[PDB]
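Below sits a lone chain in C-alpha cells, taken as the form deposited in one PDB entry.
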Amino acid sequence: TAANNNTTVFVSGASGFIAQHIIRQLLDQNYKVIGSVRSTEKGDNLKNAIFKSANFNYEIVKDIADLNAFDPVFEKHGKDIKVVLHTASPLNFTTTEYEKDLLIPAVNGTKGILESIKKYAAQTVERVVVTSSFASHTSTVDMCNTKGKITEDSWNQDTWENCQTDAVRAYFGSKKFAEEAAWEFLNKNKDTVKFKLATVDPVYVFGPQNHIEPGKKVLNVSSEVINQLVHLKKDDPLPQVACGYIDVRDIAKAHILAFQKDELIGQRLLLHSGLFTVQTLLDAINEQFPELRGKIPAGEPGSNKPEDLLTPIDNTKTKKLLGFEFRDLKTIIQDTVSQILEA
C-alpha cells in the first residue's frame, strides 16, 4: 500500500463501464489515478460522486481521434506516470460513418496516446495495457464456425475495406486495427521507449455497473443486452446475440495484473468464461429471478445451444497466465440483474 501510492496510473476513458471498474480496483490497492474524460460534467461526477478519493483526479481529452489529443496530459503529468491503461475507444452501432466514427478514432486514439508517451514520458512509463477485444481475434464472419478454433494467436482476418458492411463488423475491425497499431508502435520504437506492452482482449462483458446512475435507461452496449432482456414483454421478439461472456470485475483484475506481473509482458490475454446465446441468458434470468417468469420471454428452452453455433475458444494459456478463476454465468446474471431490479 505504501509502494503502490508512489505510483500514478493514467486511464483513458475513465467514465466508461470497464474503466470505472478498473479505477475502483486501482484505488482499492492505494494507487494514484489520473483518468481522462470528455467533459467537466463527467469528470466532476466521477471525482465528486463515484470515487471520492484524493487518489483520483481527472483531465479532459475531448476526442481521441484528434492529432495530439493526449499531448497536454503527458506534458503536464508525464514525469509522474509509470503505468498507462488505454481503454477508450468508440463502442456504438448507431453510425453509418464507419471510418469517421469507429475505425479512425480507435486507431488514432491508440497511436496518439503512445506517441504522446514517447514525446513526454519515454523513460518514465514502464508499462502499458491496451483494452483490445475478442473482435481482434475473429471477424464477425468467422465467429460461428463450429469446426474452427480461436486462441490467443488468432487474428481477425478482415480488411479496412471489407469490414465496412455494417457497424458491428466495422467496430470489430476497429479493435483489430487499433491493437495491430499498438504492437507495430513498439515494433518501430523498441529502442526509443522503455515501456512494455500487454493487451486485455474481452468477449462480451457483463456484470454490475460500478455506480448506478439514476436517470439512465440505456446502459453501455454490452450491458444494455441484458437490460433489454429484463424489460422485454412476454410476447416480444427476441434479439439475436451470441458470443462469449466475461465479468467486468474479472476484466478489471486482469488489466491490473497485466501491468504488475512480468509473465504478462508481451501477451495477448483472451478473457472469456463461457458461451451464450440469448436463450442461455433467458434461461439463466428466468431461473434465478422467478419474479420475472412469465413477464419476460421464455424463448424455447433447450434450443439454440451456443456449442452448436459458435467457433470454439481455447484460452487455456490465458487462464494459466492469470492464475485466477473467472466468475461463471450464474454469478454474472445474479449480480447484474439484481442491480437493475434494485434500481
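The first residue of the sequence shown is number 1, and the count goes up from there. Only residues modelled in both forms are compared. We call the rigid core the largest set of C-alpha positions that still match within 1.5 Å between the two forms.
The same protein has a further form, the form deposited in another entry, not shown here; the description that follows concerns it.
J.: If you fit the rigid core and then compare C-alpha positions between the shown form and the other one, only one of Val203, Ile251, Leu102, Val129 moves by 2 Å or more. Name it.
T.: Single residue meeting the criterion: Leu102.
J.: Once you overlay the rigid core, does the Cα of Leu238 travel 2 Å or further between the shown form and the other one?
T.: The answer is no, as the C-alpha of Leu238 shifts between the shown form and the other one by less than 2 Å after core alignment.
J.: If you line up the core, does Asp166 shift 2 angstroms or more at its C-alpha between the shown form and the other one?
T.: Yes, shifts by 2 Å or more.
J.: Comparing between the shown form and the other one on the rigid core, is the C-alpha shift at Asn92 2 Å or larger?
T.: After core superposition, the C-alpha of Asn92 moves 2 Å or more between the shown form and the other one.
J.: In that other deposited form, the Cα separation between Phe93 and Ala69 changes by 3 Å or more relative to the shown form; did it shrink or grow?
T.: Residues converge in that other deposited form, at least 3 Å closer.
J.: Explain in one word, closer or farther, how the Cα atoms of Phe93 and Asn68 are placed in that other deposited form relative to this form, where the distance changes by 3 Å or more.
T.: Compared with the shown chain, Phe93-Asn68 is closer in that other deposited form.
J.: So if I superpose on the core and keep residues found in both forms, which blocks of at least 3 in a row have all their CA atoms moved by 2 Å or more between the shown form and the other one?
T.: These are the shifted runs between the shown form and the other one: 90 to 105, 164 to 167, 213 to 216, 218 to 222.
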